[PDB]
Each structure stands twice: as C-alpha cells, then as structure tokens.
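Below: one structure, written as structure tokens.
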C-alpha cells in the first residue's frame, strides 16, 4: 500500500516555485549595493536560510514523487537541480565563505528548468551541438596552430599580447571576433617586424571562413529536418 | 439620413498628407542650426501652429469618416496617430516647453502609417516578434545572471564600467555587440585579477550563441510559412 | 548593300580588350609611387594617349557593329562604356586637370562589362535591389528621425560628433556598423547627460533590427525563386 | 609473386599515427617557454629525430602499400603529407636553421588528413570555393579600384595608413572588417580634407554589399544541392 504518490502530482506548485525564483533574483540583486547591504544585513540573513529551506524541501518532494526507485538521476535537469541546491548546503560553512554568494546568484538559473517552453527550447538549443560538433574540432586545430606559431615569433616584440602560449590564446581569441585587430594587436607589432601581416591577414581570413561555415552548416541541417 | 459618410472616401488625400509630412520634416530639419533658427524664429512660429492645425482636422476627418460608432480605437495605427497629434496640443503649453520640440520631430514618423507598402511591411516586421518571443526570455535570464555576477566581483577594480547593477548592465550590453571588449573592458581588469577572463571569454561565447540562434530561429520559421 | 556588318562579329577581340584593361591597371598602379613617376613621366605620356586611342576606336567599332539605328544607347553597359571613354576625351584639357587621373584609374572598372560571367553576376546582383527596395525606405525614415533628434540634444555637449545635421549623420552611420559606439561616441556624452543612453541603446537595437530583416528578406525571396 | 601488399592494410595503425600527432603537439607546445626549453634542450634533441624517424617510415609504408605504380601522387592529401615530411629532412641542416621550428609546429596539421570525418569535412569545405569563385573576382576588382584611388589622394595627409599601394591595401582590408574605420582611419583624414568621407562611406557600403552576397550565394547553392 502506498497512499503517498497518488495525488502527489501538482499544478499550481510551479507558480509557487517561479514566484520563489523571481523573489530570489530580486533579493540577490539588492545585495549588490554596499550601503544598503550593510544596513539591511541583519534582515537578509534570516532570508537566505529561509529561501534555502524553501528549496531543499521542494526538491525532496520531487525526489519522493516520481518513482524514487527509477531513473531520477539518470535523467537530466534533476541532477542539475540537486547539484545546485545541495551545493547550497555543502558550501554553507565552507572555508571559502564567499563562493556561497556567487552560487546564491547562480541559483536563479534554474528558472529555465522549472517552466515549460524554456526547458524544451534549451534542450533543442543544446542538442544541436553534435551537428556542428565536427567543425569545432577544425576550429580547434587551426586555432592551436596559430596560437603556437605566434608565440615563438612575437615573444620579444610585444610581451603584453603574445607573452606565452596560454596568454597568446586570449589574443588569438580577440582577433577572431574582429575586435581591435588592427589598432592594438597588429599595427604595433607590424611596425617592428615587416612580414608579420601574413600572420594576421591569414588568420582573420582562414579563421572567419570557419566561423562562416559554422553558420552555414548549422543553418542547412537545422532547416532540412 | 446620413449624407456625410457617403463620398467621404478620398484618394488624392494621401498625397496631401504625405506632402505635409515631408514639408514638416524639411521644416524641422532646418530648425537644428542655431544662427538660422534665431533669425527666422518669427517666421517659424506661425508655421508650427499652421502645421498642427492642418493635422488635427485631417485626423478628425478619419474619426468621423469610418463608422465612429465602431472599432476606431480598437484598431491600431489610429490610436497611435491620435496619441501623437493630441500630445501635440496637450504639451503646447506644458511646463516642459521643450519636449514639444522632440515630439514635433517625432511627428514625421507617421509617414509609415499613411502610405501603403510601409504599413504592411512594419506590420509583418513587428508581428514576427512572438516567433522569437521565447529566446528573448533566455537572453534576458543569461543576461541578468552575468550582470549581477560581475558587479559583485569587479566593483572595486573598475568603478567606471562595473560600478553598479544598473551601470553594469550597460557594459554587458557593450560586450555583446563585440565593441572594444578587449581594449577598454577586459584588459585593464584582467591586469588586476588573474582569473577574470573566464567571465568575459564565457560571456562573448554563451552570449553570441544565443544571438546566433536568434538568427537561425527567425530564419527557419520565416521561411517555412 | 552593306558589306560592313556581315563578318564584323569577333571572338578573340575580347582577349585584346581584357589584355588592354589589365595593362592599363598595371600602368596606373605604377603611377602611384612618386620617385618612379617623376623619372618615368616622359615615358608615361605617350602611353595615356596611346591607351586612350586604343579604347575609343574599339568602342566606335561596337557603335557601328550592332545596328546603329537601334537601341545602342537604350541598352545599358554601353551608355556606361561610352560615358567613361568620352569623359576621357572631354576632361583631357579640363581646368581640373587632375580628375583625369582618377578617371584614368576608374577606367579599369569596365572589366566587369567586357567579360561574361561578370556582366551576368553584377546584373543579377543589382537587379536584386528592388526586392529589398522597401526596407531601405524604413532604414531611411528611422535614420533621419534619430539623426535630427540627436543633433538638437547633444549640440553643445560634443561638437565633434554631433555638431550639425549633416555632421551628425556620419556619426549615426558609424554607430550602426557597431564601430566604437561605446569608446568614442557614447561614453563621453553619457558622462555629461545621464539619461542619454536611452538614445544609443535604442538605436543600436532598432537599427540593427532592420539591418537584420534586410538580411532575412533578401535571403527568403532570393531562395524562393 | 608479391606477398608484400596482401595484408599490408591496417586498422589500429591510425591510432598509432594520431597518438604520435598528439604527442608531437604536446612536445612542441612545451618548446615555447624559454626557461623550460634551455634546461630540457638536451632531452628534446633525441625526440625531434625520433619523431621525424617515426613519421618518414610510416609514410614510406603508404608509398609501398597502395599500388606504387599508380596515382599515389596524382591524388591529393598524399602529396601534401610527403611535402611536409620531406621538407622535414630537407631543411634539417638548412642555412635557415629556424624555419625547421615553424615547420615542426606545422607538422601537427596533418591530423586532418589521417582521421576520417575531418578529411571529408575539409574536402567539402574547400570544394565549395569554385561556387563562390566568381564573386571573389568582383571583390578583387572593386578592391583594387579603391586601393589605388585612395593612395593617390591621401598620400601626404596620413603616410601611416595610406603610404603606398601595398601599404594602402592593408588599410582597405582593415576597413572592410569594420574595425576602427572611424576612430583611426577616417576621422583624422576627414579632419583635413572635407569631402573625403565619400570614399569611406562608399567603401563600407559597396564593400559590405559584396561580403553580403558572398554569404547569400554560398547559402543558396549549398542548400539547393
């Protein structure tokens, strides 16, 4: 006999949870200002515990609502919720007492999993990755090649941008979004070594040609089916 | 008996209205220069009243031309016209005597509602919003998350850009159009805190990936039907 | 009897003309350097006249080759050729003796009309304009509105960018290609008047939303037929 | 009798080669840092020879594995491999002893030819060029025209950007990716000669209109078939 999971299904529960999420966003936004936060700090304390208490129980409900002896964690969107809320308790007295603030902020992000028409949208929007999941390998290969060619040439011409392999990856990420690829990056270097342009004029091309076929390949297969 | 709304329909009337609109644009453009305006101020006065008088009557015509006891205001494009022209009279002697100038400028904008092939174009171009009216919610959620994560980290590292929640929204709007996201925004901060790049390199990605599916989603459904 | 326009049709003639065009490009490029030009000026003179003489006759041929008593000028691509080459002679001794240089440069541009697969490409690529020939009117209206709203507000806050109606059109053209719309244009102004952002944050949106439907509208009708 | 090319076909061989490629990438990346390289230089030497020895033999295998008396070099992707690896030996004692380093870096690039689903992807991604292989000619013609018009006007107004035909090509490449086309390039010049804007406002248009039809033309034919 099990009179627990019979009418355990609810409808207006989602409105409760979304109101809680929006109230948490409104709470944590206010925490940003310094003068308001110090003065109202006493009031806020009881609230974080209160909000945390409100969440945990409402995910334990879902835990003991849909066949606990089943794929509750084999599914997605539930492992995620549990990870966030449980980290909520685990980092409550962590030596790093401040990551709790960032995670409290990140809490609201579950508002895409508790409402329909968002869960479905992000589900499709992420399942589309393995479609273009091949050109990414190409834009990694042609990315590392230049990231490691540049750093051995322009290492003593401009240590700021091309200082080292991991610091020269950031620059070749700046130059592929076409952001000051001629005011800060190229021109000062090009003023020193004369044949350097063949490295930027051949990266803003062979690099914008893949970001282009990314678009085309995700626009063809996403239309055909 | 009603011999009013029988031949009240007109054809060349639209040419009168469009000539008036273009003349109003030409009038208000000249108002910009200071030397010309002060000298010709006496001449201009009689004109604003004259143009205002010309409009009001020609919208009252439409008011008493197509079944006044019907959906004259339940429709759109008429509520808009009436709002603009009536604000014309309401702000004529407002304590704010200068908003009348901006609204006089904005008057010409009705040139999209008085001519065909523009009304239809803007009608479709705005009705397409509820199609992508879902990804906007996602680009608001993932927007607020970073807008409130950044402001609590980089609040005492660069008060100019990330000074406060409402002043840090503008910056994260600058960095999503890829405008000086490495010359002004990132590099000075990144020179202070070392692991900050994971916040910009993970916003120019997870933020240009939604502006991308915006494009794709509005290019698929706008082709299929 | 007319034994002129019988075998007047030619095949290898196009190779002669394209070789002449490429040689003219190679000639005029060299003219750019100053040291080379002064020294070789004597040699160059005989060449411009020689090239000009070579052209004129080869367009007079076409004039008297395909039914001169027909639509030789009602067609396009011939009126263009004749205009360029005839300007060649007309500006030979013009009071402006230097526009002849720019027009000599522009001469090579006819290389798109004398070779196939380019004439056809540019023909289609320009005939596509009346398709989107409607959104352009909208991007002119919403362009003038802001171009004349901005100049009356920010006329004594930054005369460089928003100095006058014709000088403020250039700025609102800069801000619609998303080029330093927050480093040079907005931020200095926004530091003076506080509520100014509502003018740039509402132009980089309602202005990139039309440049977007430009793309979509020219990608739908250019696929459907 | 030929008992050589009977069971010469292999399967796990590709895993050997890809492990070698990844190990070469990991080896050459470390070479970038200076302190690590000098100290570990003795260890590295034996490795370059070892890796080089490992490659050469494994391409000679393929040479004598698939009908050497056939189109081994008439094919592609094999001429490329052989060119790279053979340059490996040819530049081993070159007067330029340092290009060997860059070529050692470039060695890893063959990781797109030794694994499937990459060879096919790059094959299609390059075979698509002759489709748009016509608009490129147009974007070369309209490119040279402005590249040689600008250099004769703005040669004594700003020698930095428009110094000469080959140095003014770089600038008109900067201005077509819309990168500081109003902060560095235009505004300083435009402050000197007044009617110069008609050269940049008519290049950022007639130049972004071809990069646009590039997109459209490669999105239509790449969908239709």
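Side notes on the structure shown:
Note that the chains are named A, B, C and D in the order they appear, and that numbering of residues resets to 1 at the start of each chain.
Just so it is clear, a contact is a pair of C-beta atoms (placed from the backbone, for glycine too) under 8 Å apart; a residue touches a chain by one contact, two chains touch by 3 or more.
For the copy pair chain A and chain D, the superposing rotation over Cα atoms measures out at 90 degrees to the nearest 5. Mean C-alpha position of chain B lies 32 Å from that of chain C.
Between the CA-based centres of chain A and chain C the separation comes to 45 Å, rounded to the whole angstrom.
Chain contacts: chain D has residues 178-180, 183, 219, 223 touching two or more partner chains. Judged by the touch criterion defined above, the protein chains form a single closed ring in which each chain touches exactly two others.
Interchain contacts (touch definition given at top) occur between A-B, A-D, B-C, C-D. For chain A in complex with chain D, the residues that touch the partner chain are 134-135, 137-138, 141, 144-145, 148-149, 151-152, 155, 164-165, 178-183, 197, 201, 204, 208, 212-213, 216, 219-220, 223. For chain A in complex with chain B, the residues that touch the partner chain are 25, 28-29, 31-34, 101-102, 105-106, 108-109, 111-112, 117-118, 121-122, 125, 170, 173-174, 177-180, 183-184, 215, 218-219, 222-223.
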